[PDB]
Number of protein chains: 2
Amino acid sequence: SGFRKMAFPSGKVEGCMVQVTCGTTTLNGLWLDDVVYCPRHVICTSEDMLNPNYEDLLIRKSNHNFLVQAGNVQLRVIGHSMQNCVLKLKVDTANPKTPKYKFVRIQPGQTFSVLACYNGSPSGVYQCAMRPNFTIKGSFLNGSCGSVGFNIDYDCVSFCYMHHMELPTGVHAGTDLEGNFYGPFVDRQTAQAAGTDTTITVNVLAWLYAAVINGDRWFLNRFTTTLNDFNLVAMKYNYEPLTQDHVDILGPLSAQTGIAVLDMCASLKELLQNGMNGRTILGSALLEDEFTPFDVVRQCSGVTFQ
Amino acid sequence: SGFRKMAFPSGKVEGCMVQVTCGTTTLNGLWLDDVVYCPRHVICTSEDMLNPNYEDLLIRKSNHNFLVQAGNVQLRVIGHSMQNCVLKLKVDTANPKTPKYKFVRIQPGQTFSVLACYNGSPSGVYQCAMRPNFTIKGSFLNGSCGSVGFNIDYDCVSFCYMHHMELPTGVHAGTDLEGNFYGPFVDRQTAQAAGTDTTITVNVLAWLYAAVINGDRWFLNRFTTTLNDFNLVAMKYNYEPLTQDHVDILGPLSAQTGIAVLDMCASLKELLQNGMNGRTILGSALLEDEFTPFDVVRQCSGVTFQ
Ligand SMILES: *C[C@H]1CCc2ccccc2C1=O
Ligand SMILES: *C[C@H]1CCc2ccccc2C1=O
Ligand SMILES: [Cl-]
């Protein structure tokens, strides 16, 4: 029993992290097969970041301008191209530690593990969620760019995020591994504000199920509700609207606990209207929304990755 | 910026995790050099756990009764001995992935990363603290025994915990890597209740400093206090007594922020007497106490491990 914010084991991704240096900046790259992926703003001076023309800045860059180092051995760059907001550096050595992997573009509400790195060396691992406003609430310092987010299923690493920017409000923006930003953000130091940070309703419900599974049940009331009536309350509290698709995804957790999804919605309703009155749920004094239904089943069943 | 509950990269420890099976149970072992460490209750049936005589149970066990498997290749057990509550299985192959490592017995209040494993295969990683009552608030299911807690400094893994038991209240107990339990717990299915779960005052203060560093400052008041007067409030709320040693350890964070430790204590005082009035600090609605001062500096500076 017990419920913790749990990341995937980091080993498979650690073996892919390299250091990339272009004249000015040093950030992280991802070495898979014989290609290194990194944010394209490695070619920029902090002065350039105010309004860079990446195509023009790239004209003055050749293969040998990109210094790539795995641990303490240099890698030889034999080609380079820009794809959207990432650079793909072709090297002459395939990464011998390349795991089975896929590139995935995740949807808002989905969670993943971030391996924060500096100078191509891992510093720590933690769990995040793609916020509905397409930001992530990470922990990133200067030089952390190029760190990646991932999920592990079976023996396959699903890379879904590369870290690019920190907005003035302290939240984080980035791309998929094809270089397309999540949300409307751009790799430019400008005014780009985040939208409403709405709560991921389905994840809250999943976490409430995890609480019931792990002993915490004081919030179970005698009420039920309907999707339409619950959503009237959700809207007021800036919660994602709950759909039938969300209900169906919660089916397995509803079956395990014997609590109908709409009964759990009525408990959430009371929590939003009445607060938690100084009580706690799974060690938290607020409603947690960065656990997916899959995350809850995974941690409460003990799924393995090999 | 941003502050997250961050574990160490798990790769170095993943390479040490093996599966150990003794007739009945399968749990995890730690393969370092040519020795596999695992909980001694692997030799027990769930029936034995009510009152086992481990010495007598071990007499009927020979090297070949211990099946050790790294991934899908068997390891050959050439010797076995019991040290306190762990078994040391001598194998004929040194682990080629053995990191630089130490065994450390940590003190209450110290934090570490746990790599939860099942059948010798890693499932996830999360951060914990040794509670003042010598429990840990982990996430463990059946078969997770033998999972380990560790800290990484530089290139050296400091192993400090091996998971052994789940108490009836849902908290977790275990040993150092020399097999000595933390606190008064024993590897027996009996009545052993946990003491008061006191709050780690120094860690709360460290986290308040992390909040100031990362933008959250509403809780900074105009007051100060003294150690003796603050501790009168701490005692009332079941907080660890703060000592001069704790003050000194907070010196670096006090210097970085320009907030004297005793001024921060006065802010904590008001938080304990008046609550947070629905506000939040670093995304939490309660006072977090599983970040050490070292943890805060590490995450706010970007320390590297190679
Ligand atoms: C990716 C980097 C860019 C620079 C930076 C400065 C301060 C805090 C975070 C960051 C990043 O995320
Ligand atoms: C170490 C294992 C022993 C058995 C168990 C049953 C249920 C939940 C957790 C556990 C453990 O921690
Ligand atoms: Cl967490």
Side-chain angles (χ1 to χ4, degrees), chain A residues 1-15 17 71-72 113-128 136-144 152 166 169-172 214-215 275-276 278 280 283-287 295 298-306, chain B residues 1-15 17 71-72 113-128 136-144 152 166 169-172 214-215 275-276 278 280 283-287 295 298-306:
Chain A
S1 77
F3 211 69
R4 280 268 187 199
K5 201 97 126 64
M6 188 168 72
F8 292 92
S10 78
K12 272 142 183 256
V13 181
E14 294 174 47
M17 300 307 322
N72 32 68
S113 305
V114 169
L115 176 67
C117 298
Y118 298 91
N119 300 121
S121 288
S123 157
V125 69
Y126 53 80
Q127 197 77 349
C128 288
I136 75 171
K137 292 183 162 135
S139 182
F140 292 110
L141 304 175
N142 185 85
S144 71
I152 303 181
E166 183 177 77
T169 45
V171 308
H172 302 114
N214 292 289
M276 312 189 43
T280 58
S284 178
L286 46 77
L287 307 169
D295 293 345
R298 177 192 130 220
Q299 189 178 146
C300 293
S301 97
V303 161
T304 279
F305 316 106
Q306 52 93 32
Chain B
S1 77
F3 211 69
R4 280 268 187 199
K5 201 97 126 64
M6 188 168 72
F8 292 92
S10 78
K12 272 142 183 256
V13 181
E14 294 174 47
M17 300 307 322
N72 32 68
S113 305
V114 169
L115 176 67
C117 298
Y118 298 91
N119 300 121
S121 288
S123 157
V125 69
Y126 53 80
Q127 197 77 349
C128 288
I136 75 171
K137 292 183 162 135
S139 182
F140 292 110
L141 304 175
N142 185 85
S144 71
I152 303 181
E166 183 177 77
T169 45
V171 308
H172 302 114
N214 292 289
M276 312 189 43
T280 58
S284 178
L286 46 77
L287 307 169
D295 293 345
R298 177 192 130 220
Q299 189 178 146
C300 293
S301 97
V303 161
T304 279
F305 316 106
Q306 52 93 32

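In the text below, chain A, chain B and the rest are named by the order of the sequence lines, each starting its count at 1.
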Greatest number of heavy atom pairs closer than 4.5 Å to chain A - which of B/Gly2, B/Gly71, B/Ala7: B/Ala7

Proximal component of B/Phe3, with respect to chain A [non-hydrogen, under 4.5 Å]: backbone

Which of A/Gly138, A/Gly170, A/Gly15 touches chain B most, by non-hydrogen pairs under 4.5 Å: A/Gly138

Which portion of A/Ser301 sits near chain B, non-hydrogen atoms under 4.5 angstrom: backbone

Chain A contacts, top residue of B/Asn214, B/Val125, B/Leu115, B/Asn72 (heavy-atom pairs, under 4.5 Å): B/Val125

Backbone N/O of B/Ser10 and side chain of A/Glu14: donor-acceptor pair under 3.5 Å: yes

Gap between atom OG of B/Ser139 and atom CD of A/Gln299 - 0.5 Å precision: 3.5 Å

Heavy-atom pairs under 4.5 Å with chain B, option from A/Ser113, A/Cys300, A/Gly278, A/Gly120 with the top count: A/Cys300

B/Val303, part contacting chain A, at a heavy-atom distance under 4.5 Å: backbone

Any B/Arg4 side-chain heavy atom under 4.5 Å of A/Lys137 side chain: yes

Option in B/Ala285, B/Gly124, B/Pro9 with maximal non-hydrogen atom pairs under 4.5 Å from chain A: B/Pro9

Smallest separation among heavy atoms of A/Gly302 and B/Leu141, with atom names: N-CD1, 3.3 Å

Which residues share a ring-ring contact (aromatic ring centres under 6.0 Å, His included) with B/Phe8, sequence neighbours left out: B/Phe305

A/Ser144, part contacting chain B, at a heavy-atom distance under 4.5 Å: neither

B/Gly283 to A/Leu286 - nearest heavy-atom pair and separation: O-CD2, 3.4 Å

Segment of A/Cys128 engaging chain B (4.5 angstrom heavy-atom cut-off): both

Listed partners of B/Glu166 passing side chain to side chain donor-acceptor pair (under 3.5 Å), at least two apart: A/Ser1, B/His172

Nearest non-hydrogen partners of B/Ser123 and A/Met6, listed with the distance: OG-CE, 4.1 Å

